[PDB]
């Protein structure tokens, strides 16, 4: 019980999402960032911060943007800004305060029961139990078919139909939750690999890594994403799912269950899923290519020794008197590099 | 006008006094004269028991049992009355012992604050004698101007709210009520005016947190050492897949040397080679990132919420001391120590070797945060500062160590005349006047103070200063200075001791 409070305090101090939520300008920052991912970031942030004085804009806009970049809420790669998982967690929390779909329903209970049955029968190696389960399910389906042949077709009521539609939307919309998480997982592996290469720099490690064709940057989330995207490619079931969704969306009870944006999201589910899954493998390939290029450049030892020398110089610099203009202007010991020759004074000759 | 002044003190079986006793106070001045050890300090201890949480006497049990003159079931009560133009307030206490179990947790106490004229000491005693505790807490439902508290904390909070004073006025009044000798100016100002707000407690917590962080650092180092040993086995397996079995066995032996239980029972067989590899993967993808993340989080939190805030707190305390000194200097202007002259206080920061070392270490800590070493340099820089704090806190009875964690010792005070006894008395009186006055006002609501002690001219200015600041005084003297008090004080309280009993007689000159 005591450790929970310490964990909460640590999360409050460190985690980017809670810091963003507790920030002074949280609502406008959240709105602007969410609009963006749907210089230019700095310009739009300044524009939004302009007509919200209430409660020198361009200076504080840049200061806050660099503060969030430091906190790793957003990431800067070369000259571009990319979103992380903390931003999406904050957005999900904020925009769920208005409308949240209930999960204490009968449909969710039936789904849970069927899923538990499926898992339990899938973990069983004995063949006799499998045969018994198959026979029981076949008999139940045959009984239902016999009942239906007598003219007892069952149709969900309006309330049950609305409940089912909302539950299906809630389950289907959760497949995009962890797309940024995989990329965040790969970036830290990249950083750790580069740090290990620099601190080691031994050329044998670099040569061995370059020689092998086995891919680097392996993480637990990457394997889960690979397993997901492999099954995503089996179009023989994606087509059936899309057709069933199209059939479902043409029902009288749809307007009372979902509004326009939700209907749009359910309408283009498969296309958007495939399109967004294809945009993560490219990021992984780019990361691996950049790592291999950095390794092939071969300037790690220079970085290490220049860092050591800079640390020595900075340690020494604390023992001099910077308050005297005489010492601040004393000539140092550094050679001329990139000498630009004096213009010949012929001028007009 | 609008200032309460003390009028009387009543005792009942308190210390060496047996039964009921009463002492009067004059509106101008009063001297508590009597032979040494006859009970002069007992009266003031009884008065100060009602005003501060921890008086500097040796405890309530000794006074209750008359350390023994009273054993077993017993009752003791004390009271004090303050009056003004058309108003009266009374502060009292009743403490009793049920039996012979003389212990700290067996003494039952109640504190009383009253305004109605029907609440007297004898009424409280009668109610206790008739109903014990319930009859004492019952009078709140049968009257209006009575407030009982079975708690000194709430009682003192209410008392400090009644007279619109700060949280340290009564502590200062108690400190200057038994001071023996007027010492040097720095010693007086550093011991009898400023409050003790040293930061020796936070240093221990910071040191404990750092010692906790060292364990996480050690775990991270162990994990890195294990991974560095395990990698050559992975290299050797690739070499073998391309004799070399001896080198592979040697590498597996080296890997097993550094293991701590993961590779518990394995061998140098080629069948066990995959197992080693799996362990390496678990090191690379799961354990090391988690340990590094936890280490970085703990390092940042300890470096920011730990040692950084302590020094800022100390600097803020020094700034508050300087501001209060400026306010005291402003207060002291409205008086003439000499014709057309007044005193002024100046504060100058001192320097010490420990302070210079601490500041240099702090600069190193600030400079080490810009290195990208995965926190190694930052940890090394923080370690030296924590070590300095530990060394300072270990020996808390030295000038160097107290110069670090005690704000009052980071300054030196001087007095300007823009005589030691007169200057000390003026500073003490100005501090008392500043403490006992509501903000934005110059008239105290609590007026009575107690003093201990010099020719006639020496004491002739103290009385003038007290009258100028608007304070009523009660002096304590032995039977030695009964010549000048006759000219200033206009009443006297005499304590006669006969055996193990004392009696008080109040008379005018």
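Chains as they are written, first to last, in this note's numbering: chain A, 117 to 465; chain B, 971 to 1479.
Yeah, the Cβ is synthetic: ideal placement off N, Cα and C, and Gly gets one too.
Pull up the distance between the alpha-carbon of residue i and that of residue j, whole angstroms please.
| i | j | result |
| --- | --- | --- |
| residue 1472 (chain B) | residue 1371 (chain B) | 47 Å |
| residue 1139 (chain B) | residue 1341 (chain B) | 50 Å |
| residue 1312 (chain B) | residue 1021 (chain B) | 32 Å |
| residue 1147 (chain B) | residue 1446 (chain B) | 9 Å |
| residue 1152 (chain B) | residue 1327 (chain B) | 35 Å |
| residue 1086 (chain B) | residue 1062 (chain B) | 13 Å |
| residue 1351 (chain B) | residue 1386 (chain B) | 44 Å |
| residue 1069 (chain B) | residue 1092 (chain B) | 22 Å |
| residue 1055 (chain B) | residue 1418 (chain B) | 15 Å |
| residue 1201 (chain B) | residue 126 (chain A) | 34 Å |
| residue 141 (chain A) | residue 200 (chain A) | 19 Å |
| residue 317 (chain A) | residue 416 (chain A) | 6 Å |
| residue 1095 (chain B) | residue 1033 (chain B) | 18 Å |
| residue 117 (chain A) | residue 1097 (chain B) | 47 Å |
| residue 1400 (chain B) | residue 1000 (chain B) | 21 Å |
| residue 337 (chain A) | residue 270 (chain A) | 43 Å |
| residue 295 (chain A) | residue 1282 (chain B) | 43 Å |
| residue 1128 (chain B) | residue 1193 (chain B) | 59 Å |
| residue 1130 (chain B) | residue 1435 (chain B) | 25 Å |
| residue 455 (chain A) | residue 403 (chain A) | 39 Å |
| residue 1017 (chain B) | residue 1059 (chain B) | 15 Å |
| residue 1080 (chain B) | residue 1105 (chain B) | 12 Å |
| residue 445 (chain A) | residue 438 (chain A) | 10 Å |
| residue 1348 (chain B) | residue 1334 (chain B) | 9 Å |
| residue 249 (chain A) | residue 281 (chain A) | 30 Å |
| residue 210 (chain A) | residue 169 (chain A) | 23 Å |
With residue i as the anchor, note down where its alpha helix (DSSP H) starts and where it stops.
| i | result |
| --- | --- |
| residue 212 (chain A) | From DSSP, residue 212 (chain A) is part of no alpha helix (DSSP H); its letter is neither H nor E. |
| residue 1244 (chain B) | 1243 to 1252 |
| residue 446 (chain A) | Careful: residue 446 (chain A) lies outside any alpha helix (DSSP H) and carries neither H nor E. |
| residue 244 (chain A) | 243 to 265 |
| residue 1434 (chain B) | 1426 to 1439 |
| residue 364 (chain A) | 351 to 365 |
Contact defined as beta carbons within less than 8 Å: I believe residue i pairs with residue j. What is the distance between those atoms, to the nearest angstrom?
| i | j | result |
| --- | --- | --- |
| residue 1072 (chain B) | residue 1135 (chain B) | 36 Å between Cβ atoms; not a contact. |
| residue 1003 (chain B) | residue 1302 (chain B) | At roughly 32 Å, the Cβ-Cβ gap does not stay under 8 Å, so residue 1003 (chain B) and residue 1302 (chain B) are not in contact. |
| residue 1288 (chain B) | residue 1380 (chain B) | 6 Å |
| residue 1246 (chain B) | residue 1176 (chain B) | Between residue 1176 (chain B) and residue 1246 (chain B) the Cβ distance is about 42 Å, and since that is not below 8 Å, they are no contact. |
| residue 1066 (chain B) | residue 1044 (chain B) | 7 Å |
| residue 136 (chain A) | residue 181 (chain A) | Residue 136 (chain A) to residue 181 (chain A), Cβ: 13 Å. No contact. |
| residue 1053 (chain B) | residue 974 (chain B) | 7 Å |
| residue 1226 (chain B) | residue 1249 (chain B) | That belief does not hold up - the Cβ atoms of residue 1226 (chain B) and residue 1249 (chain B) are roughly 11 Å apart, past 8 Å. |
| residue 1228 (chain B) | residue 1199 (chain B) | 5 Å |
| residue 1315 (chain B) | residue 1383 (chain B) | 6 Å |
| residue 1205 (chain B) | residue 408 (chain A) | Residue 1205 (chain B) to residue 408 (chain A), Cβ: 19 Å. No contact. |
| residue 363 (chain A) | residue 279 (chain A) | The pair is not a contact, with the Cβ atoms about 18 Å apart (cut-off 8 Å). |
| residue 1049 (chain B) | residue 1470 (chain B) | Between residue 1470 (chain B) and residue 1049 (chain B) the Cβ distance is about 23 Å, and since that is not below 8 Å, they are no contact. |
Using the DSSP secondary-structure output, state which residues sit across from residue i in a beta bridge.
| i | result |
| --- | --- |
| residue 982 (chain B) | B:990, B:1047 |
| residue 1308 (chain B) | B:1311 |
| residue 1059 (chain B) | B:1052 |
| residue 1318 (chain B) | B:1382 |
| residue 199 (chain A) | A:190 |
| residue 173 (chain A) | Paired residue(s): none; residue 173 (chain A) is not in a bridge. |
| residue 1464 (chain B) | B:1003, B:1475 |
State the start and end residues of the unbroken beta strand (DSSP E) segment that holds residue i.
| i | result |
| --- | --- |
| residue 1000 (chain B) | 999 to 1003 |
| residue 463 (chain A) | Careful: residue 463 (chain A) lies outside any beta strand (DSSP E) and carries neither H nor E. |
| residue 1474 (chain B) | 1472 to 1477 |
| residue 1446 (chain B) | 1442 to 1447 |
| residue 239 (chain A) | Counting along the chain, residue 239 (chain A) falls outside any beta strand (DSSP E), and DSSP gives it neither H nor E. |
| residue 1418 (chain B) | 1418 to 1422 |
For residue i, is the classification buried or exposed, using 16 other Cβ atoms within 10 angstroms of its Cβ as the cut-off for buried?
| i | result |
| --- | --- |
| residue 983 (chain B) | buried |
| residue 357 (chain A) | exposed |
| residue 1357 (chain B) | exposed |
| residue 1036 (chain B) | buried |
| residue 228 (chain A) | exposed |
| residue 320 (chain A) | exposed |
| residue 283 (chain A) | buried |
| residue 124 (chain A) | exposed |
| residue 1010 (chain B) | buried |
| residue 1388 (chain B) | exposed |
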